[PDB]
Every structure is written in structure tokens, then in C-alpha cells.
Amino acid sequence: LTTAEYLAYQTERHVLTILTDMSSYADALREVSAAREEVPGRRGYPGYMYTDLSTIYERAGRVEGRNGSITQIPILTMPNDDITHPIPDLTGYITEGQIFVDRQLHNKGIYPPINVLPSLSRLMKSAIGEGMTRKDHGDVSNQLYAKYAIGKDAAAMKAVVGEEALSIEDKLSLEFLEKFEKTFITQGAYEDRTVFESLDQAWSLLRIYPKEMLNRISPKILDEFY
Amino acid sequence: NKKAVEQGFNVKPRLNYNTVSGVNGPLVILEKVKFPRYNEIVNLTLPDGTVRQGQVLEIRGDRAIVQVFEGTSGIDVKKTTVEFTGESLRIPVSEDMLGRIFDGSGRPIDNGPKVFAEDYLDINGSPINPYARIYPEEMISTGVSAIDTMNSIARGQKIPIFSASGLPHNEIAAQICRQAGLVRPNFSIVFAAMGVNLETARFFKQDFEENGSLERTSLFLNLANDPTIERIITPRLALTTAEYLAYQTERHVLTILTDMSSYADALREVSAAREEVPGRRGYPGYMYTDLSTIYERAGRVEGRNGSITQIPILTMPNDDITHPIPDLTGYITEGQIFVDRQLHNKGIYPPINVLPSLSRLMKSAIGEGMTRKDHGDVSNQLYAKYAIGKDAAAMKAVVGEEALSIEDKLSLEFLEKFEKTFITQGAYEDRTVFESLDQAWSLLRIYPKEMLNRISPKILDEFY
Amino acid sequence: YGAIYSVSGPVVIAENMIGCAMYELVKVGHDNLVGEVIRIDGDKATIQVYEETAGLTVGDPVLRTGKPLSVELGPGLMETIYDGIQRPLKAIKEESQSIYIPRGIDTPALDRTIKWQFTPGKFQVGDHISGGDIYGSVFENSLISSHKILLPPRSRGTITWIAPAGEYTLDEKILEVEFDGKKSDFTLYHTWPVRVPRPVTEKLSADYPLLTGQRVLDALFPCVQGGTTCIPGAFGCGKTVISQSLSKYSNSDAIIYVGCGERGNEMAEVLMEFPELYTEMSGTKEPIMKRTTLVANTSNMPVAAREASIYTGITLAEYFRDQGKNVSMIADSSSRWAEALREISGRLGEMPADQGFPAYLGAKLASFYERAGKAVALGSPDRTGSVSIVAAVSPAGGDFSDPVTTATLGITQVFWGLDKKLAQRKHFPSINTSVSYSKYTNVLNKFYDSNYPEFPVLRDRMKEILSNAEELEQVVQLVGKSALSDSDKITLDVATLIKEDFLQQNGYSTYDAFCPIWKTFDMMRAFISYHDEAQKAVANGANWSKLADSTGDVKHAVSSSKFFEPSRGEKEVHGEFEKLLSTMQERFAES
Amino acid sequence: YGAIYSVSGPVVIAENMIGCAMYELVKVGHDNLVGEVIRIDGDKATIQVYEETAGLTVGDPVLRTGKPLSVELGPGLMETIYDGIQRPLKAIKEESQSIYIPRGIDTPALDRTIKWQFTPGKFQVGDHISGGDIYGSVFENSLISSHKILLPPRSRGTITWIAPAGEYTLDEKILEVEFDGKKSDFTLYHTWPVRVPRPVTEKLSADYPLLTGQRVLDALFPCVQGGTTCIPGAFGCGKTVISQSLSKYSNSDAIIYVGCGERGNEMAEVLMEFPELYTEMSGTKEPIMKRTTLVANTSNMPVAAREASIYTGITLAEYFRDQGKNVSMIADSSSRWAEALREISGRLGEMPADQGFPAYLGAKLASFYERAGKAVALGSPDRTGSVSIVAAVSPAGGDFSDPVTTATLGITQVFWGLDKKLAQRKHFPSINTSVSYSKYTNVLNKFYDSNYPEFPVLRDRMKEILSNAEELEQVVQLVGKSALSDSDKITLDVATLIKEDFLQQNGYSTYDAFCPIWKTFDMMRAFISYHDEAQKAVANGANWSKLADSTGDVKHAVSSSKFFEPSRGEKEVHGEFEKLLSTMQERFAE
Amino acid sequence: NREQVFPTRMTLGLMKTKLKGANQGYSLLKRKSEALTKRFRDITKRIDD
Amino acid sequence: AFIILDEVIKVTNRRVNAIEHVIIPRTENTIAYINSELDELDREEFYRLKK
Ligand SMILES: Nc1ncnc2c1ncn2[C@@H]1O[C@H](COP(=O)(O)OP(=O)(O)O)[C@@H](O)[C@H]1O
Ligand SMILES: [Mg+2]
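Protein chains in written order, with the authors' numbering: chain A, 260 to 485; chain B, 12 to 196, 207 to 485; chain C, 24 to 614; chain D, 24 to 613; chain E, 4 to 52; chain F, 155 to 205.
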């Protein structure tokens, strides 16, 4: 990260720091802390693990005088696919978002197995839409998230209390979830989907629903794009 | 001839320490010790004249932490004199033990004389050399169909009985002792009671008397009112007696370690008294090591005609096999016999659930020569069809009997006629392995020859 | 020579011991118990003694050996059994005339009375020789022939003198190296510290598969020669018989069977069975025991010696990798190694971390599994050995949430998750197809395209069938099997067929003891073709119930494909499977 | 006397305590607060003060009593009310004239101001005397006369002086025993370590039944004199009825009741109800308090007292057993005793094992329950006594989640399974016979073959009838009621009659207040005879509706079996049952 | 025999809520089945007539 | 109406049995396992704090 800070602030480059196994780094912290017989946090990790992880993660962003940036994507191994674990928790706290890779999706064979429900990006609302990418980006993303959540909940309800409980909207959400995991999320490596192409595919996914049932889409965008 | 006893004629005076620095819990921190041994068993004398034995667990510089088996109540720092024996805990073993009753600490409660020691062996023993081991390939026909056909006990096996508080685990192990015999031609049982109640101890003693076994059994009774710390050493004493008998006197010893759940409870209490790791469910992190030092004393060795077969009776705290005691015992031992409450409430005796049970020494001791050639295939097919019966029973309870297929209905019929006829025996009915295999083949003949997919074609053609 | 100060279980703090290094080996007590320094608090040096500690008094001497725990490498180990500290158990028994392990016995790791037939290598007098260079070969046994005598790593220089061909023991000099004017004398053996991995020129991406012999392991979740593996599961799941059936029937040129916290009866079974087993490698039927050395640490042996057993076994595997043999080290329980580490840590008073396992457990496990890998040996001539670590984790309670299981899953590449539900009902191997994975599936595509091109497609189809049937069964257990379509009926039926005939492989029957790759491939072809034929015939319009009643003959022929003995040969078995497919299409065509 | 060194909460460290013993009671402070010694480190000894430790300075004297937590055993125990520490609540109230218990109140646990009649035993001057030997007798009460004075179990030696017959207090000497010197002198009372069980020569197997007086508890799930039972003990279930029954109608010649942490308003209920009890005897009606000792112990009490309440109660029961008397020790709120034990363990800092409970909870419970049982008492004469423990398992009634509940159900052999649903449904004594069990029927088979031979067979028959009734009720819930066969309908009707008349006992009612064992056996025989006659009539092919119409008179006659008052007793009521049994056959035959 | 859910304080509460909801659904569905079965016997009698 | 009501009763009873024999037992077992794991974590935290 000090190499990245150099390259990005003193040489004005755009850096993409790809720290991997921050879980391994925090395990090293726990080993160091355990040798010092300090007061531990959750699961034995040092109480100052939030401070150390903040010191590492907060070394990303753009400064005024400089024309360079540090984009940080710290790969992180959830020890048991648990967000509640201290390492993923505190990281969520410091970082501004996450890309949640799902073991269930990987078992289903979806690549990339990104589960979009726990995934988040705090800077989407600023970097997306209003001429930055396209007028429909934010509304389409909101509608996709809403329909994916409805599909997951309705699939659970159909598995538990049968298909009778699921209404027409719930059946449509199940079909959308199938066609969404299978055709939208699924993307082989080396395949560059431009944001515009991805938005067109997302609209094709959203056309499964009637115009009325699309809730989060603004009326103007819905009329202009459906 | 025997030069080991030549060193016996030696007197070793013992230092009497009045320097009890402190006492806390089951431990006494005793200072000013002259070269403390790590595992010396000391004779601690209370001010009231009572003598409690204790063994040092940790030794700093001129300081030994003694844990006393009877407990530290009444111990004082001014008056309690501690007499270091200078050696680890050694049980006086002899062939005269067979037929006697001993307390939890090895003292005789049989109202007879103290053991005329033939040798003094350390209770902790030593690990048997794996190169010196012999794999137990001699099957025991315990007379129980569930334990002889489904599972199979070879002679030096460690095969516990996993049960709950109210199940007839004592009755089943008593049935095994009174019926155990080599399948293709006597056992000198050694019984270890740890924390059991007087009813259980009297039941086992009277069962041995009735079957005529007491002439060749040594009983180590540590009742529920006996000190809890000595539940640790009771199985060590019983297993050291068993090791002596078997490996030196050339005897075949059954070892019944009743309430290894109580042994593990005493172990957890002692561990929690100290500042030790909690492992799982509070049990010490070394509970695997301790239970292994207990269990793995069984087996057969090369060059000696003796063997030790262990049947540690284990009480499952909540009828779950994922509890630390049953899990670690299953990891260590070479199988388990699973007594089921779901069958005991159904009225079956013995209420042995076959699916959770296991015998790691069935591959060996099952074959064309040791037993009938069909034994392994029949056992595997019975396991498969019993599981299909359980699944069919669950599916029947869910979606009614009509939705079940022909195979599912056949499997439910097999389940009924298996639990009610194969598993079920009288308390004193011993079934030869061939008898139980004939019954098993009838239960398989319930099925068509095509559905018996576990049986090898030659066996199926020669036995169906 | 220090003195013992504090003794508490396996740890022994020794006073008056200034100058002791970390992880050095000390001879604690009068019996010279092997120990290892863990801490140095001033003059105190906490020592984990690798033997039973009972009987140690305060003031007992503690000799400083000056060298770390060093496993003694050389010709001799091939067919031996060791005690974690590399004490030959056979020699211990012969020397002590007892059935127990004596405390502090100091038998040599490699037998010195045996005379070895040394044949000099390409290196001559004056040739510069570096670490790992093969300066000679010795015939060990009929199976491990030309046991290459490697120059010790970290040792370099010019050959001043090399012994000619003849018969030598391990004590005799074999070669003399002059480096910086200091002559160094080399023998048939050399000691290497277990903690430091043996160096290699360059580790490579493993491409050739480690053929386990089990159908499910070979097909669904393969492991490459040089890949870290993991077999979590409860007791009775079969993680020891999988290890044994992988040490018997794999294509590995050598086996390092390590037992940490295992029953002594298991190692006794290995000793009784491996000599009676034979392998077709080297062009002759040589006993398996001629290529497998055992590191036996029974579960009641000293706790601290389990780490020593793990490290000794992995260093033996690395040595044979350096010789160039595709070795696979089989740790019986990394879980019991972790439990030993936890016991030592708790005795030390260290901070509990997760479940009491010390916070460095994940790091130590990661390092031990990183010892594996296909690698080009350090010295010339060029050779590419491999160490395929397949360690059977044993999580407490049969739950894969244990810290040791999670760390092992993080570090390894193949996860052979065992389900106790399938361990019961005698469905072995009990591999849980849902949770199990193998990350070498993609890298094995080269081998599969070379040998069995359709094998990955068939395994993908089998995985799809099994997953579809799992979903359909989850549906059926709640909503009954009546609402299913005929295609769903076919899926469930063929998946039950797969689980009951193909995936399940009895490891003690003559036919399915070792199911080789060609028989496994033919069996996958049979099952997938049966499923495809049923699907096509029902799509044509046939009712599935009547179709199954008619084609029960073909279904039973497929279900009886297990019994085709691999001993009949590759050609004879393939001929029987070719006729099976022909007899399958005709019967489905007729109905 | 030592001195205080450090006080941080109830734990107190006392410097200058050389010669102090572990688990020894000491008098802490100038108010003489009583506390046990937890651990010793050289001179300093760690003390848990039982009362509140506020106001304890440094240097306050710490006297050493020299004995562990002891129990005052002797005459004057019977009618008194105690706590876990065994401090007389009545005497404390009379001494302090206040509704509170002052800190460090030292009223003797046995009344030293009462003159006790004493009659010397067979042991004369010069005769050897050992532990437990009855060397005298004391007339204490009407129900419990001849309070047999025992030599302390540890004491031994040769008699030198014995007190002549007369009136004595507990303070003044009674016996002088010489053992290598006259180091022993004995009064009417003696002290026993509470944790240490009182020794016996031999602990027999409990064979005789404990007739609680209730038909269900005495027939379906019997207990043996010396057996350990288990009761859910939840509120609104009839545990009060069970306690009163065991107090006044049981075979036990003495009762020890321990609260060990029950609520205050509850303690008020029991302390106001038991003195109002009256057990009819051969002479006349006299209070059941004349034979019952109440160890009253509320939540406000010290946690050490709450943890030692059951131990004091079982030690009192062991003492009364050592006199050859059969004792029933009703342990209310064993779960609250376990909660007190957990609180003490947490205070000491010991690691938890299961649900926060200490690692030794199971061992402590097992030892406590093993302290029960029939046993021939120590010392001559060869009298035999028994202690039976009835333990209210948990306010969390029968919940296997609680480690204390699991341990109690695993150790005790009889579980009487009260049901709140049946209590709401006006079922008394609210026993849920489906979950209730007894493991003492196998050992009681001997007594039944000796006295009432058919009893095990008829009990098993009724258990089978109840199981078949549950199955038939499930069938009639699943499908139509008329779908059941004639045999199923007969089984359901007979079981309904059994529940309405035999099982349902009106304790408050005068006729069925106390059903004797012979009356229960006769009613059970009559019910089984009626069921067998109905089954035979069904096998004959007769319509069940017509059979019921014809045998309504027999049904009323057998239902009147409850209304037959056992006041006449023995053959007077047994002869009536013979006519009722005969009428159940002649009418059925016609 | 149990759901493969990662243990958590929030997860325990969510699963207790799920158990309460399942019990409520089971009771209401049993009531619905009983009412519909009563109507079913009525309809069968009407069909016979 | 009879046929439709029979189908609805069949599916309703199937759902009732499915709940009472799978959903309730699985959820109860999950509750027990989660509570046991939370107790284990609390015990680990207690032991760490005791150290
Ligand atoms: N593939 C298999 N073929 C035949 N038997 C098996 C197989 N897997 C397991 N078993 C049976 O299960 C028993 C226990 O398996 P084991 O190897 O001990 O697993 P673990 O070490 O995990 O308990 C063995 O004795 C064996 O009889
Ligand atoms: Mg194993």
C-alpha cells in the first residue's frame, strides 16, 4: 500500500491494489496478539483489529492536488462463509462495500458466483447514472435487487409451504431469478460485458415482468426504456 | 529365573513433608520439596489421622502440586503430613485378583486380604508397540444377532456400548459377558465401575455370580458416592490388571468399563478445577489423549497368547452421538454398539440401533474361513435395506402409505420383520452366527433376488 | 547440560540452560527423552518432550544437542515403521524384547548393520557437485530399485574422492567434498531438519492425476500427483480406509503413511496386509510394503510427538520427491495433530484463540500443506518428483465448522467431504457429493484429452444428474413423488442407480477393491448412456413405468457392472463393457 | 483467632490462620459472621462469608470453629424449622423479636433449654461402644417417641460413665467414653459434617414400597422405601398435593422437607400449611409437623445456605435412618439448589460445563442421590432404616435442556410427571401417566409376590390398556369414531372409566383421601375383571351397545369402588370387593 | 437432520421466529384440514343421496 | 366439488404432515445446534477472559 501510495500520489498513476487473503493477514495479527497475552476481541482477534484493518483499507482514494488514484480490492476469505465473523464484519465496517461470492452459487455452477444481495457498493449512487454511465443504471440496479430478493424469498416460501402460497408475482420472480442467475450473473472469464451491454441484458431480464409490476423503476425511465 | 523380584528386597525410606504451602480446590501446593517427582503418588495424612492418596500434577522448583483423590476437605497447613512414596501409582497385581472385589482406589472391599502382590505395575501403563500388535482376526460370537451378524466383535477389539441414562446398556453388556465365546474354538472378565450407583454395581456383581463368572472376574467398584477424582484412576487400575492377566498370564480378558461418561465427567471436573483448555462442551482438550490411553490398552500382541477385549459402557448425555464423550470414544475405539431409545420405547430388546453402530474389525474375522462366506455381503445388504426401511417409514409418515413404491412397501415390511424378529432376542437367548445369518437370509428372501444389489452374484446364487 | 526446573505434562521448563536455541532438541531427564525448546525466558527453556514425562524430577540433566529435530534420510526406510521421532519400531522391539515403547530408547533411525550395494553416479573426481545432485544409486529392494543417493542440500564443492562400486553400510564414507579448503565426508545417509522444507529447483503445476482407485474419488473429485487433499468426516465415515485404499492402489511411486492420533490396530493391519498385497509397477508383482514407509504415532503415545510424526513423514516424502518419485504422504489425522498442538499450547498457557487451538495453527497447517507439490529436484540430473499430501481431517462431532477443518479447506485444493448419513447404511465411500469439490478438474483436462477425452463431459453429466436428483428429492420428501414428470422420474431412478452402484464402491470386495481409471470411465459411459437412452425413449412417448419394467434387464446389467473384475485386464473388461452398451441400445430400441 | 486481611465482595482473605482447614467454618468479624474456608495460601485463608460481608474491617478476629459445615443431630430436631445453615427460624424470631434474621445470629440449632427424658440403653459401664450404637433413648414426641441416642459414627471406645435415667438438656454430659485416655465425652446431641454421608454397616437393596396413599403413584409408578423419585414441581401441577400426601399418609416414620431456594411467598405457604396438617394415628389425631422437619430456605437467603439446604436435609434424613426409622426427604426445587450451586461456582471462578452449570453438578447430584437407600444402621442393635428422596426436578419442569433436569431424570428411578394441562382440566393428582415411569417395579415384584401376587400383572394390564386407549384416541381423531371395532370401543370405555374413577383421586375428599395398598389392589383387580368380562362378551359376539346397556349397573358398582371408604379397612372392605367382583361376573354372564 | 445455517445471535432469533411461524402454520393448516374434512363428509353424504 | 375438495384436503394434509415431521423437527434441531454453538463460543470467550 505504500508502494501504491507512491505510484498514485507522487507519480500520478492510477493504481489497483489487490491485497489478497486479508483473512490470512488478520490470522497473523491474532497470532501476534496471542503471543502478547493482550485482551482479545471476538474469536480471539486483537481488540485493535478494527484499527489495523482501517489503517490498511483507508489507504485508497483520490487526493486534490494529485491526478492519481488507489482503487483497493482486498480479497478476503470468510473462514466459514460467515459475514458475522470478525474479519468480514470489521472489513465491512471500514471498506465501502463488498463483492459477496456465494458458495451456493458456486455449487450451482454460476460464474462469477457473486451473490448480489449481500454485495454492496457505497459509491454506486454517485458513480452510476445521470450521464456518467446511462440514465437507467440506478433504477435498473434497484429493480434487479428488489426482484432478486423477492425471487429468493418466494423460492424459500415455495420450498416450505408449496407452490400454492406463491402468487403470480412470486412465480414471475422465480422465473426471473432463474433467468437472472443463469443468464445475467453467469459470465465466463475473458468476457467483457460493457456497462451498456449489461444494462441492456438487465432490461431484457426485467421485461419478463409487466410494466405495472416493475416498482422501483421511475415512470419516465420505464416509459423510455421498457 | 525371575530377576525382577530380586530388586524387590530393598527398603526405600520416604520423606515426610509437613510443608503444605497452600491448598485450593482438589490441589495442594506443597513447597520445600526435595527433588519432586513429576508423577509420584504421595500418602497425605490429615490432622484427623485420615490418609488420602494424591499424585503430583506439576512440579516447580522445590514445589509440588498434589491432587488428592479423596478430596482436600479437612486438609490443613499446620498439621497435614505428606509422605512422598517416590514412585508413580503402582497396583499390586497377581493371579489371585481373579475372584476379588476392589474399590475405586484398588483397595479390596471384598472383606478379604490385601493382594499378595506378584508384581507392581504402574497404572498408567505404556503404549503397546504397533509393530508388536496383532490385528484381531478371531471373531467373538456374543450370541446377539445385532452384534454378531450386522456388526462383529473380534477378540482384541475396543467395542463400546453407546446408550442413554435409562437404556438397558448394563443388561446388554451382561448378556455379552455371559455369552461371549470364540466363534470357531474362556474369558476372564475385568469389571471397572466408575460413578455407577449401588443398583448397577449389585446388578453386575449378581449377574456374574449367577452366570458363574465371579470365579474369574475382578471388580473395581467406584460407586456414585465414591470420590470423583479417583474415577480417573479406576479404569487405569482395571486396565493394568487386565494387561497383567492377558499379556503376562496368557489369559483372554473382557474389560467392561461402565460409565465412561462418568469417567469423562470426572476428567472434566478435574480439568476445570485447574486452568485448562475447555476443548468442547467444557471437556479438557486432552480428553482424546486420556480416553485413548484408556481404550488403546486393549488388543493382541505378537508372541503372547493373551488378549484384551474392551466394552466400555458409555452413557450419552442427551442421546446424541455428537456429544464430546461419544464422539471422541467413537474416534478412538474400533467401533460402537448403539443402544437406541427409539427402539427401547418401541419395546425391542436388545434396543440396538444398527445404523449408528459399527465394528471396524468386521472385514477381518468375516470371511469364508472365519465365518460363513456370505456374512459380509449379508451384513451390507441388511444395512442398506434397514436404511431404506427407515427412509420409507419417514416418507410414509409424511405422504401416507399409498404414495410408497413397491420397493418402499417391501422395505417397510422388512423393517418391521427385522426390528421385531432379527434384533429382538431374549435376555438369555444366544444365537449362533450361522443361526442369525439364516434369519438374515430369510429377511433378505423377503426381497426379490434382483433388488438385492449389495450381494455378490456368486453369494446370491449360492444362498438366495 | 542444563537442569530441569518445572514439569507439567508434556512441557518441561529447564533452568541453568543458557545458550539453547529455538526449536532445538534437548535430551531431558536421565533417560534422555527427546525434547524441543518452545520458549527461552532468560535461562529457562520450555521443552516439549516427545516421550512420556512421568518420572522426571526437578534437577534432572538436560543435554543440548545443538541441532533441531532432524529426520535421518537415506537408504533403509522403504519398508519400516517409525515412532514420530523416526525410531524404528521393529528395531525397538528386537532391542528391548518387550511389547512396549521404552522411554528414551536411542536406536538408530536407519539400520547400520545392513550392507548396501552402491553404484557410483555420473559425478567423478573433480566434478563440481551441489546440493541434491545424485552422486550414486543403491539398490534398496526389488520395488524401490536404484535408491538415488543424493548429496545433502546446502552442501557444495568439488569431489575430492568418490567411493567405487561395492557394498557399503551407512556409516562408511561414500564421497568426499572439498569446499573453501575444508574437506567434508559424506555417507549414504544425511539428516535434514523437519521444520525447514527440502529445497527444490522449481515447483511445477501438477498435471498428472493421482489415481486413488475409488470410483467417486477418481471421477467426481480427482486429485493430481502433487496436490494437497482433505478428507473431513466423523468417525466411521471411512477417512482411514480411503487413506489405506489410496496407499495400496494409487500410482504413486512411494507412500509415506503417517498415523497421528490413530489406533495402533490400524497400523498393525497395515503391517499385516501390505506385504500380502502386490503392485504391478516396475514390471513385476512386488509387495506394496516394499514402497511404503510408515510413521506410526498411536493415539496413546506422547502428545507432543504428533507434530514430529507429521513433519518426519512430510520430510521423508520430500526426500523421495527429491529423488524423483511421485510420492503421496498420507497424514491419518491432521485433526489429531491440531489437538496435540492445542494440548501443548494449553500446557504452555498461551492464548486460546479458536476453540482452544493456538492462533498459529492455521499458519502451521498452511506451511505443512505447502510442503506438497510437483517439483523439479534441486540437483542434476533433471527429475520431477511430487508429494501428494492427502490428510484426513477428523472434525469433532462430525461438523465441518472446526478451526482445523476450516484452515485445511482454505489451504487444500481437493475436499473429500464425508457424510455420516452415508457412512451409516454402509454406503461407502461416504463422499458427500454436494459439498465435496476438486479444484484440479480444470488442470486435469490435458490428461483427460490425452487418455479418456469424454471423461470430463461424463463427470459433468453425472454431477448434473446428482444435483438435479438432490433438488427433486428435497421436493419429494415434502410434496410426494406423484407430481413429478417422467423426466424427473428418470433422473431420480438413474441417480439412485449411480449412488448405489457407481459412487458406492466396497473397498474389501475383490471386484471393487481397486476400480482403475479405464473401468471407472467405462462405468460412467454405461450409466450416462443408460440415463440418456431412458430420457430419449420417454421423450419419444413411452410411459416410464412400463419402460422400466421392460428394461429392468438393462438396468440390472448396468447395476452389475461393478463385479467386472479389473484383474481380467483392460482389454477383457472393455470388451465386457462394449457388449454392455450394445446390449443396452438394442433392449431400449426393442421396448 | 485470625485477622481479616482483604474483603472484596463475599470473599474474604484472613491473615494469620495457621492450622485452618479447608472447607472449615470460621466466625468472621466482630458480629461472628459464619463463613467457610475455600482455599489456603500459607497463613492466609480465603473465606466465603455466608451472610452479608459489608462493614468488615481489617483486623477483625476470625475464630476457627475446627469443624466443616456441620449438622446439629440430636433431640429437638423434629418440630423445628431450619435453613441451609440449620439456624432455627422460630428460635431466631423469638430471640431477635424481629421479622428479619440479624447478621451473625448464633442461636443454637437445637434447644438447649429443654429438659429431655433419657433412658439408658443396654450398654453398661465397661461395655465396649462403637459408632452408631444406641446407648439411650429420649421421649421427644407422640408420633416419634424413643428418639434413639446414637454414639457418633466416628467415635469409639469403652464406656466409663453413663447418665442415669432422668431429665437432661443437650448441654450437659451424658456419656464418658475412654479410648487410650478419656478424650471423649458425649452429650444428648452430636455434630456431623454435612457433606460427609453418615456411614452404615451395609446398604441393602430397597424392596419395600413407599405407599404414598395415591392410587396412581402406588400402583402404576410405585416407589420403594429407600428409592429416589422425581417430580416436575412446577406451579399449578399438584406438587403441593404430592408433598402433603408424602407428609401425612406415607409409610415414612419421619419427614425432612427442604426448600433450597423456593420463593418467599411459597415458603410462607408451606410453613403455614404443614403445621395445619394432622395425620391420624392409632392413638388420636396429632400433627404431621410432629414428625416433619422444615428446612425453610428462600431466595433471599445466602447462596451457600441455599446450596447446603439439600445436604443438611439429607444428613438429617441419614441421622433418622441411623435410628432405624424410614425417612422420606421431599426435596423441593432441586433446580434452585443447582442454581445456587452455579452461583457459588461462578463466584469462585470455576469454568462452566453445560449451560453455565459447574463441571461437578452431575457428580454432586449423583452423590446426593446415592446417599439415599435402605441401609442397616451402624452399630448394635441391628436396626434397619431407609431414606427416600423425592426431588422436585425443576421450575423448568422436565425440560431436558436444563443440565440439572437431565441429571435428575438420569439418576432418579421414578418420574411422576405432573401435567399442567391435566391440572387445568381438573385432573387430580394431575399425573401424566404417558410420560411418568418407575424403574422399581422389577425389585417390587418380590414384595408383590410375597403379599399381593397379581399386582404386577394387573398393573401391566392397565398400562397396556392406557397405551391402547391412547392409540384408539389417535385413531378416533384421525377417522370416524364409529370406525373403531368393538374391542377398541371396549378398551376406550374401560380406560375412560379407569381415568375417571381409579386414576382420578380426590385428595380433599374424605373417602378417597388415602387409598391403602390393599384397597388399590382390590380396585385394580375389579377394574381388570370388568375389562376381561367385557372382552369375553365381545368375543362371544354380543353387541357392545347392548352389553353396556345391560352392564351399566356393574359399571356403577365398580365406579363405587372409590366411594367405599377404607375406614373399615382390612377384611371389612376386602369382603365388599369380593361381592363387587362377583357382581361383575354374574351380571356380565347374563 | 438440521439446516446448515451459520450460528449467530441474530440467526438464532430468526430461526426461533421461523419455528414459531411453522408451528402457527401447522396449527392453522390442521384446522383448515379438519374443517374441509367435515365439509367433505357432508359432501359425500350429499353425493350418496 | 367433491373431487376438488378431495384434492385440496390431500394437499393440505400432505403439507401438515410435512411441516410437523420435517419442518418442525429440522427447525428444532437447528435451534438446538445454534444454541449449542453459541454456548461453545460463550465458553471460549469465558476461558479467554479467565486467562
Ligand atoms: N469403502 C469401504 N469399503 C468397505 N468398508 C468400508 C469402506 N469405508 C468404510 N468401511 C467400513 O467402515 C469402518 C470404519 O471406517 P474407518 O476407515 O475407521 O473410518 P474412520 O477412520 O473415519 O472411522 C471400516 O472398518 C470398514 O469396515
Ligand atoms: Mg480413522
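No residue lacks a Cβ here, since even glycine has one placed at the ideal position from N, Cα and C.
Contacting positions in the region 495–516 of chain C - beta carbon closer than 9 Å to chain G: Of the chains in the structure shown, none is chain G; the protein chains are A, B, C, D, E and F.
Regarding C/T263 and ligand 2, is the C-beta to nearest heavy atom distance less than 7 Å? Yes.
For B/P47, which option in B/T336, B/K23, B/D73 and B/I40 has the closest C-alpha, if you only look at C-alpha atoms? Among B/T336, B/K23, B/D73 and B/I40, the Cα nearest to that of B/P47 belongs to B/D73.
Give the residues from the region 359–376 of chain C that approach chain A closer than 8 Å (Cβ to any Cβ), ordered along the chain. Listed in sequence order: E373, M374, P375 and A376.
With 8 Å as the threshold, decide whether the Cβ of F/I177 is near any Cβ in chain A. Yes, because at least one Cβ of chain A sits closer than 8 Å to the Cβ of F/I177.
E/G16 at chain A interface by Cβ criterion, 8 Å: E/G16 does not count as touching chain A.
Which of helix, strand or coil does DSSP assign to A/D340? A/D340: coil per DSSP, three-state reduction.
What are the partner residues of D/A68, as DSSP defines its beta bridges? DSSP lists D/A37 and D/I63 as partners of D/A68.
Sort out for me which residues DSSP pairs D/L48 with in a bridge. Beta-bridge analysis with DSSP links D/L48 to D/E59.
Three-state secondary structure assigned by DSSP to C/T456: The answer is coil: DSSP assigns C/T456 none of H, G, I, E or B.
Where D/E494 falls, given that 16 or more other Cβ within 10 Å makes a residue buried: Exposed, because fewer than 16 other Cβ atoms sit within 10 Å of the Cβ of D/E494.
Helix, strand or coil at B/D412 [DSSP, three-state]: In this structure, B/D412 counts as helix in the three-state DSSP scheme.
Would the region 318–334 of chain D count as touching the region 78–89 of chain D if we require 3 or more Cβ pairs under 8 Å? When C-beta atoms of the region 318–334 of chain D are compared with those of the region 78–89 of chain D, fewer than three pairs fall below 8 Å, so the two segments do not count as touching.
Provide the residue(s) that pair with A/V360 in DSSP beta bridges, ordered along the chain. Looking at the DSSP assignment, A/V360 forms a beta bridge with A/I373.
Which residues in the same chain as B/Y309 place their Cβ atom closer than 8 Å to its Cβ, once the five residues preceding and following it in sequence are excluded? By the criterion of a C-beta distance shorter than 8 Å, B/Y309 is surrounded in its chain by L349, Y352 and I353, once the five residues flanking it on both sides are discounted.
Mind checking which residues open and close the alpha helix (DSSP H) that includes residue 532 of chain A? With chain A running from 260 to 485 in the structure shown, residue 532 of chain A is simply not present.
I'd like the span of the beta strand (DSSP E) that includes D/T429, first residue to last. Taken as a continuous stretch (DSSP letters only), D/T429 belongs to no beta strand (DSSP E), being part of the alpha helix (DSSP H) at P426 to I434.
What is the DSSP secondary structure of C/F611, counted as helix, strand or coil? Helix at C/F611.
Assuming C/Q248 and C/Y272 are in contact, meaning their beta carbons sit under 8 Å apart, how far apart are those beta carbons, in whole angstroms? Rounded, the Cβ-Cβ distance is 14 Å, inconsistent with contact.
Limits of the unbroken beta strand (DSSP E) element including B/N243: Annotation: the continuous beta strand (DSSP E) that includes B/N243 extends over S239 to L244.
Is A/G303 closer than 8 Å to C/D377 when the C-beta atoms are compared? Cβ distance < 8 Å, so C/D377 and A/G303 count as in contact.
Given D/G592 as reference, the closest of D/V517, D/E373, D/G99 and D/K542 once Cα atoms are compared: Out of D/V517, D/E373, D/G99 and D/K542, the CA that lies nearest to the CA of D/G592 is found in D/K542.
Counting along the chain, where does the beta strand (DSSP E) carrying D/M352 start and finish? It spans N349 to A354 - the beta strand (DSSP E) in which D/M352 sits, taken as one unbroken run.
List the endpoints of the continuous alpha helix (DSSP H) containing A/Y309. Per DSSP, A/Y309 belongs to the alpha helix (DSSP H) from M308 to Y316.
Rounded separation between C/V350 and C/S409 - CA only: Rounded to the nearest whole angstrom, the C-alpha separation of C/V350 and C/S409 is 6 Å.
Could you say if the region 420–434 of chain D and the region 380–393 of chain D meet the contact criterion of at least three C-beta pairs nearer than 8 Å? Short answer: they touch.
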